[PDB]
Protein chains: 2
Amino acid sequence: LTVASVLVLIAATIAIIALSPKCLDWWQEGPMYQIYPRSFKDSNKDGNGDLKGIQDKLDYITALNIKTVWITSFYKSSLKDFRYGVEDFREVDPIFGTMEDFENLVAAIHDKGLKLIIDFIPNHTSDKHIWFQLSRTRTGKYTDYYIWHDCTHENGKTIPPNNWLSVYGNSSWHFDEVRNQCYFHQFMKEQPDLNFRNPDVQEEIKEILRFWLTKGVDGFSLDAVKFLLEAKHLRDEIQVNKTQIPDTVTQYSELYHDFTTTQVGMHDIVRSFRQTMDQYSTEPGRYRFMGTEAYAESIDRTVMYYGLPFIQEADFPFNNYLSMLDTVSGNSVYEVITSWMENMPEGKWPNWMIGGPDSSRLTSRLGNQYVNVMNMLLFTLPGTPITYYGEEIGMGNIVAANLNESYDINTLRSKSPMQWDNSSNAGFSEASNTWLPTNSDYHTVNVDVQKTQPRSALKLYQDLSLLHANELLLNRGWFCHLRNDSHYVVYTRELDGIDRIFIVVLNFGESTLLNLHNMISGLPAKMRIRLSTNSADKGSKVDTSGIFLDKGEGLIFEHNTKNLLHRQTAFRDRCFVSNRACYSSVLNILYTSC
Amino acid sequence: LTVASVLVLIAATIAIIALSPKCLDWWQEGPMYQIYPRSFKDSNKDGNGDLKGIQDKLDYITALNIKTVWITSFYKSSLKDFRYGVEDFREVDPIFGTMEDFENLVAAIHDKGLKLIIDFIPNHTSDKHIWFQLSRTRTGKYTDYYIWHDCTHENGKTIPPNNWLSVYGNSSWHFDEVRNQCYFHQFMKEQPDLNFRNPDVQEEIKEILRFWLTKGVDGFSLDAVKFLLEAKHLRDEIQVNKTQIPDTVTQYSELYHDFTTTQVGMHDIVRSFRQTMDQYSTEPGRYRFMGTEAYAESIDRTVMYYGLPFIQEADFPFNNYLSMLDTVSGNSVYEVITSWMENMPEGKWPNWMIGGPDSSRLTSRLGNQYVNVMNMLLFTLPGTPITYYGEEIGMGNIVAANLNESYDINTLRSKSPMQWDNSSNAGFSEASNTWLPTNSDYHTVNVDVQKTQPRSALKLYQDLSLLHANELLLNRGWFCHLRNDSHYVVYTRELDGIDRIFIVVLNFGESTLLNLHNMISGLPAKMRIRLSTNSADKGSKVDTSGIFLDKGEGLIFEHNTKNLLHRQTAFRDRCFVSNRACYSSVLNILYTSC
Ligand SMILES: *[C@@H]1O[C@H](CO)[C@@H](O)[C@H](O)[C@H]1NC(C)=O
Ligand SMILES: *[C@@H]1O[C@H](CO)[C@@H](O)[C@H](O)[C@H]1NC(C)=O
Ligand SMILES: *[C@@H]1O[C@H](CO)[C@@H](O)[C@H](O)[C@H]1NC(C)=O
Ligand SMILES: *[C@@H]1O[C@H](CO)[C@@H](O)[C@H](O)[C@H]1NC(C)=O
Ligand SMILES: *[C@@H]1O[C@H](CO)[C@@H](O)[C@H](O)[C@H]1NC(C)=O
Ligand SMILES: *[C@@H]1O[C@H](CO)[C@@H](O)[C@H](O)[C@H]1NC(C)=O
Ligand SMILES: *[C@@H]1O[C@H](CO)[C@@H](O)[C@H](O)[C@H]1NC(C)=O
Ligand SMILES: *[C@@H]1O[C@H](CO)[C@@H](O)[C@H](O)[C@H]1NC(C)=O
Ligand SMILES: [Ca+2]
Ligand SMILES: [Ca+2]
C-alpha cells in the first residue's frame, strides 16, 4: 500500500507545480510612490532636495506599504523643466548629491525590500551636451547624431524647411551659426532632438541603459516615446484651420501632427529597449520594469504600448487618465475606468495614478472632500496604484513664484516641498530661502500631525495599502462594475475560491442615497463597512436599502457568498481579469484550473 | 591509452555538433521558377491552363534544378487581374481544375522533392464575396468587415469623404444603394478593401492560412502588404502640385500617399501572419515560407520587412528591382546590387528576380543579346534566384489583344502561353481559340528545339542551376564586388576554406575590352572560363591583361588561391555574406569557427 502511496504524493507535487500560476512580479503587487527629488527632503542644508534626504526618509516609505519609488529624473541637466533636457546621462548634477550618494540610496533601498525606478529621456538632449558640441563642428561620427537640414538664414530671420512647430513655442527648426544648418528640436530652443535613425545613436542609448542597470536602478521609465522618430519627407503638416493664412500658425494646438508623432518604426525602437533590459532580467528576483509614459493621446494609441501576445514591448503604459479630470462625477469617473479596461489586451496589468508632476494637486483640482474617496479608488482597482509625493495627505497647490532659473510657470504648483513637520519650511530643510516656497497651511497638514491624530487622511492611506497587500481579492481578483450612474460608482472585486467579495461604493455626487438592492442581488439585511472614508464608521452596520453617503464618502463592503457576479450570464461583458486563477481554502495554494 | 582515446572521440563529436552551422532551408538553397497557372500547360483541352498541366510538366521543372514553384494566385476570382480580387478563398474557380486536382498536384510535387508556394491576397476581396454581400445588409458580425463611411450621394453624383484616389482610377470611395454608405476599395470598383482593424477580420485570415497549410502548400506569398491598414482620421492627402485646383486630381501619381500606405500597425499584422505559420513549421523538414512582395517603394521601406534581430517577420521581401530596369549598363546594374546588399540587415537572405507577371519580358525589354548575361547574374548572386515562367529561354512579348474578360491591357504581354513544342499553339493546348494568342516566333523558340541543339539559351540555364547547386561557393559564399564601371560589372564569390574563388565578369556595355590586372591582384598569366554565356569558351584560355568581350557576353573564372578579397583591409566595405562559415577540405564538414 505504501508503494502506491509514495507515487500518489509525487503525482500530487508535480500537479501542484504544474497548476501553480506565475507569481506576481514586484511591479504588479505593491503600490508606487512617485517622489520628486528636489522637493522631498534636504540633508546637506543648501535649499534644494537631494538623494540623501530620500534615504533618511526611507522608513516612512515602508510605513505606507510602498513597493516602488519611481524617482523623477535626476541628471546633470541645463534645463530642469520642459521634459528634463539632459546634458550628461552618465553624471549627476551638483544637486541631488554625487554618484556616491546615489549608490548609497539604491543600496539602502534594497536593504528594506523596496524597489527603485528612474526616469529616462532618450528622445532629446541639451545644448551643452558633448554630442551636440561635437555635432556642430562635424567631428567624426557625431556629425549625424542630430536631425540637421540645410536652411536659408539671411540678415533678418531664419526660414524653417517646413511649418513643423514645437510643443513649447514656434519654429521647431532653429539655426546655428557654427554648422550653418537648422536642427530639429521639437521641444525647446536648447533641446535638440536626438536623431534615432542613426544606428550609432540607437546603440549609444543602449550603453546608457546598461550603465544604470549595473548600478541596480531596477528598471526605467521612458519620458517621451512618441517623439522619437519623425517623417523623413520634410512635408508640411495639415492645418486644423484650412482657411488660415500661413506665416501665422505658431501654436502646437492648431496643427495636425501626423509626421512628428507615432511614426513607422517608433515602436520597434521601444521593442529594442526591452530586449536590452531583458539581458539583466535573467535573475529570478531581479526583474526590469519599463514604462512608456505617452501622454496627450487617445486610448487606442496608449494601449499599443502593451505589446503583442508574441512580442513583449513594455509592462504597462502610465495611465495619464484620472489626472486631467478636473470635475469628477459618476459618469466621468466611470468612463475613464471602462476606457482602459476595454481597450487593454487581456493578460496585461493595468495601472492608475491620480496625480503627477505635470498636473494640479488632488485637493486643489477636486477639493479637500475628494481626497479620501480618490485614494480608495486608487487601491480598489486591479491596476498598480501609483501615488504622487505628498498625495497620501491633502497638500494644496501654491502660487506661481518668479524663479531666476528656467522653470515653467504653470505645472510648478505641484513641485512644492514635502510638509514633514510644523517647523520652519515644514521641516523640509533647515536652511533659508528654499528653491520653492512651502505651502502656507503646513502647520495643520503634515505627516507628524496626521500621524498622532485619528480620523485623519493619513491612516486611510496606510490601511488601504495594508488591505491591498494582505487581502488577495485586491491583489489579483476580478473586476465587475455595475452599470453607469451620475451620483455613485459601484464595482465588485472577487476571485474564484475565496467565497467572499468586496463591494466598493464611491459617491462622486451630491449627498445622495443609494439602494444596493437595485444593483446587486443576494445581499443580506445588514452589511458591515470594512473600510469607511471617515474612520469613525468602520465596522458599523448599514442596511442595503438606504445608505447615507456624503459628497466625499466611500465605503468598502465585505460580503460572504459563493454567488460571484463574474459567473452569471448577465455580468459577462462587464467583468475583467488579468491572471485568471482559483483559490483553495483547504490547500492554501493558487490554482489555474478549478 | 584507449580509455583516453574514447573520450577524445566524444569530445570531437560534441565539438562538430556544436560548431556545425544551421543547414540552409529549402527556400535558401535552390532557385524558384514562378509559374503562371493559366499560361503554362493545358490538359482538359478547354483553352486555358490548369493545375493538371503543371503536374504533367513536373519532370521538366526538376530538369532545371528548380526547388520551389511559387504558383501565381489561382482562386475563384471574379476579377482575374488587378491584384487578383478573390471572391472565395476556400474554393477554386472552374478553371485550374477542382480541389482534387490541386491535392494531386501538391502530392506529386512532394514526391519529386520539390516545394510549393501559393500567392495570398489578404488585403481586399471581390464584390461577389459572401462577406461583402452580408455586409451591405448589416447581417451579424459582418457589418463592420469593410471600411464603411457615411457619404452624401444625391441625384447626380457621389461625394467621397476625402480625396483618397485608387491605384487604378478615381474616387477610392464608392457608393452603394443597399447600405447607403461609401466603402473603401483603393484598387478597383469591385475590390473592397477588407478592414483589418476588426479583430474578427484579422482572425478570419488566420483560418484561411491554416486551411491551405493543412493541404501542404508549403508557404505563402502575400501580394499587397502596404495597403492593409489606413489612417483612421479621414483627412485629405498632400497633393504634389500645391497650386493644383481640386475636383481635378484623379491620378494616383499626383498625390502623396501618407495615410493609405505603410501605416502604424501594418507590420504588426505581418508579424502575426508569421506567428500563425510558425505553428506548422515545428517539423524539422517542413518549414513555412512567407513573402511580403511590396512593390513600388523605396529601398529603406522594403528592407523593413526582413524583421528585427529579436522578432521574425518574413524570410525575405521579393526584390522588385532588376525588373523595372529597361536600359541596362554598368552603372544601373551595379547600383541595384549595392542598394540591396547595403540596406539589408546582416544574417538575412537576399533574393533577385529578373522578370515577373507585372513586367515586360527579358528579351523584349533588354534584348535577345542580354538573355544569356542576365541569367548568369541571377545565379551568381548570393540571394535566392527567382525565375519567371518562360524566362529560361528567350520568349518575346505579344501585342495587346481585345479580350472579353476584364483584363489589364498593359502587363498582359507577359501572360503569353508557354512555348513547349512547334505544333499548334506551340504545344500549349490541343484546343483552338486559346485564351491568349501564342507568340508568333514559336517554331524557333521552344523547349524541344532548344534541348536538341547545342549552344542554345536553355543549356546555359541548366548548368547554371547545376553549378549553383553543386558548388558551395555559389550556395553560401562571400560577395565582394569590384568598384563601379560603365562597361563591365565584376564581382568575386569566395568562401573560407575553399582555397578557390569564382570571378564573374558581365559586360553590359558596348563590346569593350577588360584588363583584369587593374581590378584584382594576384591573377596568373592564364585563366580558364568555367561557364561562358556562349557555350564555346567553356574551358578555353584567356590572359588577364586583355579580354575580348562582346555586347551580350559574360564569363566565370575559376582561380585557385588563398588570397580571398574579403580578408583584405581594402575589400571590407564591399563584401557581404549571410551565413559566415568556414570550409574544411580534410574533414568534409561545415565550420562556424575557423
Ligand atoms: C514666437 O517667437 C517670439 C520671439 O521670441 C516669441 O515672443 C513668442 O513667444 C514665440 N511664440 C510662442 C507661442 O512662444
Ligand atoms: C479659422 O476658422 C474660422 C472658420 O470657422 C475662420 O475664422 C477662419 O477660417 C479661420 N480664422 C482666421 C483668423 O483666419
Ligand atoms: C508644532 O507642533 C508641536 C507639537 O505638535 C507644538 O507643541 C508646537 O506648538 C507647534 N509649533 C508651531 C510653530 O506650530
Ligand atoms: C449612461 O450612459 C449613457 C451614454 O453614455 C447615457 O445616455 C445615460 O444617460 C447614462 N445613464 C445614467 C444614469 O447616467
Ligand atoms: C474617372 O471616372 C470616369 C467615368 O467613368 C472614367 O471615364 C475615368 O476613366 C476615370 N478616371 C481614370 C483615371 O480612370
Ligand atoms: C502644376 O504645377 C505647375 C508649376 O510648375 C503649374 O502648371 C501649376 O501650378 C500646376 N498645373 C495646373 C494645371 O494647375
Ligand atoms: C516541328 O519539329 C519537327 C522536328 O523538329 C519537324 O520535323 C517539323 O517539320 C516541325 N513542324 C513545324 C510546323 O514546324
Ligand atoms: C562611379 O560612381 C560615381 C557616382 O555614382 C560616378 O560619379 C562615377 O562617374 C562612376 N565611375 C565610373 C567609371 O562609372
Ligand atoms: Ca525626435
Ligand atoms: Ca486595406
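The chain as shown is numbered from 1 upward.
From the backbone N, Cα and C atoms, a Cβ is placed for every residue, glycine too.
Per Swiss-Prot, topological domain 'Extracellular' is recorded for A:18-594. What Swiss-Prot records for A:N123, A:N170, A:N241, A:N404, A:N422, A:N484 is N-linked glycosylation site, and it gives sequence analysis as the kind of evidence. Residues or ranges marked as Ca(2+) binding site in Swiss-Prot: A:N123, A:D193, A:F227, A:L228, A:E230. Positions annotated as disulfide bond by Swiss-Prot: A:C151-A:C182, A:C480-A:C575, A:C582-A:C594.
Features per Swiss-Prot, on structure.
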| residue | record | Cβ contacts under 8 Å, 6 or more apart |
| --- | --- | --- |
| A:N123 | N-linked glycosylation site | A:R83, A:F187, A:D193, A:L194, A:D223, A:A224, A:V225, A:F227, A:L228 |
| A:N170 | N-linked glycosylation site | A:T250 |
| A:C182 | disulfide bond | A:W148, A:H149, A:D150, A:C151, A:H153, A:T158, A:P160, A:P161, A:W173, A:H174, A:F175 |
| A:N404 | N-linked glycosylation site | none |
| A:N422 | N-linked glycosylation site | A:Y442, A:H443, A:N446, A:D448, A:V449 |
| A:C480 | disulfide bond | A:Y491, A:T492, A:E494, A:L565, A:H566, A:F571, A:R574, A:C575 |
| A:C582 | disulfide bond | A:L495, A:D496, A:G497, A:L590, A:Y591, A:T592, A:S593, A:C594 |
Other CB atoms, at most 10 A from the CB of A:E230 (Ca(2+) binding site): 22
A:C575 (disulfide bond) in three-state DSSP notation: strand
Close-lying recorded positions around ligand 1 among A:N123, A:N170, A:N241, A:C480, A:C594, where CB distance stays under 6 Å: A:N170
Candidates near ligand 4 among the recorded positions A:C151, A:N170, A:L228, A:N484, judged by a Cβ under 6 angstroms: A:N484
Close in space, distant in sequence - A:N484 (N-linked glycosylation site), Cβ under 8 Å, 6 or more apart: A:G330, A:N331, A:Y334
Of A:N123, A:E230, A:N241, recorded positions neighbouring ligand 2, Cβ under 6 A: A:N241
